[PDB]
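Just one chain is shown here, as structure tokens, and it is the form deposited without its partner chain.
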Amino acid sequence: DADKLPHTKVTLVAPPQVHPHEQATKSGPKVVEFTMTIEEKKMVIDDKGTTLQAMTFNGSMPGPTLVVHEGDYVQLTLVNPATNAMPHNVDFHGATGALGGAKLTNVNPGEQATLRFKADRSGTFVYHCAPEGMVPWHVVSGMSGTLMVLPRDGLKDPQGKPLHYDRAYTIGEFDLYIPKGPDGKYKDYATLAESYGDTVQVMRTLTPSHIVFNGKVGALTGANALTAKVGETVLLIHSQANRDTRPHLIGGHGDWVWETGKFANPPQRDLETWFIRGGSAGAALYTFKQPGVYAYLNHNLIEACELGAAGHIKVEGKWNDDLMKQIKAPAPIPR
């Protein structure tokens, strides 16, 4: 019985961080309490000033990542402030019943609700808004994130051997559908509701205008690059709630990857590129062996390099000449 159990309250953090948590744990099941507040807002999504009439959990794209253990109960208070215009709810793919919790969390502006469900299945799972009759629009406008349910005894390799990460990052990839006017410039809308009709028309073409990590072209670059150091193992959580993507770490690999994102299945090793089905979250472990600036991108290189689906990881440490060595630098072709 769930009412029997100890409760615990978690404080969420903004992507690309993930809130402090234990992997393998000696603790027994808890009721883990979270709160998220919906925020609609206009966001600038590229370096040319294009804006999106966006919708978010907790003010970020993606929403924050929620972490529990298998056998825990997730208890979410979802708040829809009166400063928003639309009704919202939440569908946890990690949950069983009631359209993922959507039927039990319909919240008009000025309302809130509390849902509990048992996290009985391990993996990274998408959660997203799913209001009746306007599902894709809320999703593509930014309302998704990841619930990670860790096995109580931590991650395992195909032979049952223990795996771990030293640091976790969460990347949400968003296919955006920004309309254009007769002058071929992207439209800027005064309200969310005004964007709707034109946006549906772009959606129906199936061609995103932009595809971005974490809300903006260049979100995970420069000062906001991810960081690591040689010897450290990183977990890269990648969610795409609406469209397929193909993550790749340039100069690296997926050492162990659950591309379907479900930790009771054996991971695959040595991946160059993996696949996140639209409507899922996946997870890759990599232990850094070389220092330098890596790119982490969607390996449809048009989607990455023209449309925005690419970030950076800056990795400290000592170069390893056994792994790779410039034998002869660029120099004239001798004749």
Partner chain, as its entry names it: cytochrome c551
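Numbering follows the first chain given and starts at 1.
> Taking the recorded C-alpha temperature factors, which stretch has the higher mean, 321 to 329 or 13 to 21?
The entry gives the higher C-alpha B-factor average to 321 to 329.
> If you take the mean CA temperature factor per stretch, which one wins between 135 to 143 and 184 to 192?
Higher mean C-alpha B-factor: 184 to 192.
> Identify, among 244, 111, 173, 91, the residue whose C-alpha carries the highest B-factor in the deposited PDB entry.
Top of the list by C-alpha B-factor: 111.
> Of 269, 299, 277, 289, which one's C-alpha B factor is largest in the deposited record?
The record points to 289.
> What third of its chain's C-alpha B-factors does residue 232 belong to: lowest, middle or highest?
CA B-factor rank for residue 232: highest third.
> Among the modelled residues of this chain, does the Cα B factor of residue 223 put it in the lowest, middle or highest third?
Its C-alpha B-factor, which the entry lists for residue 223, ranks in the highest third among residues of this chain.
> Please place residue 260 in the lowest, middle or highest third of its chain by C-alpha B factor as given in the entry.
It falls in the bottom third of the chain.
> Pull the Cα B-factor of residue 178 out of the PDB entry and bin it into the chain's lowest, middle or highest third.
According to the entry, residue 178 has a C-alpha B-factor in the chain's lowest third.
> In terms of the CA temperature factor given in the entry, to which third of its chain does residue 79 belong: lowest, middle or highest?
Top third by C-alpha B-factor.
The protein also exists as the form deposited with its partner chain bound; that form is not presented, and the subsequent description refers to it.
> Quick one: does residue 134 come within 4.5 Å of its partner chain in the deposited bound form, counting heavy atoms only?
Yes, residue 134 lies within 4.5 Å of its partner chain in the deposited bound form.
> Mark residue 157 yes when one of its heavy atoms lies within 4.5 Å of a heavy atom of its partner chain in the deposited bound form, and no otherwise.
Outside the cut-off, so no.
> Determine whether any heavy atom of residue 87 comes within 4.5 Å of a heavy atom of its partner chain in the deposited bound form, and answer yes or no.
Looking in the deposited bound form, residue contacts with its partner chain include residue 87, since a heavy atom lies within 4.5 Å.
> Since only the chain is shown here, I'm wondering whether residue 197 would be in contact with its partner chain in the deposited bound form (any heavy atom pair within 4.5 Å).
Although its partner chain is absent here, residue 197 would touch it in the deposited bound form, with heavy atoms inside 4.5 Å.
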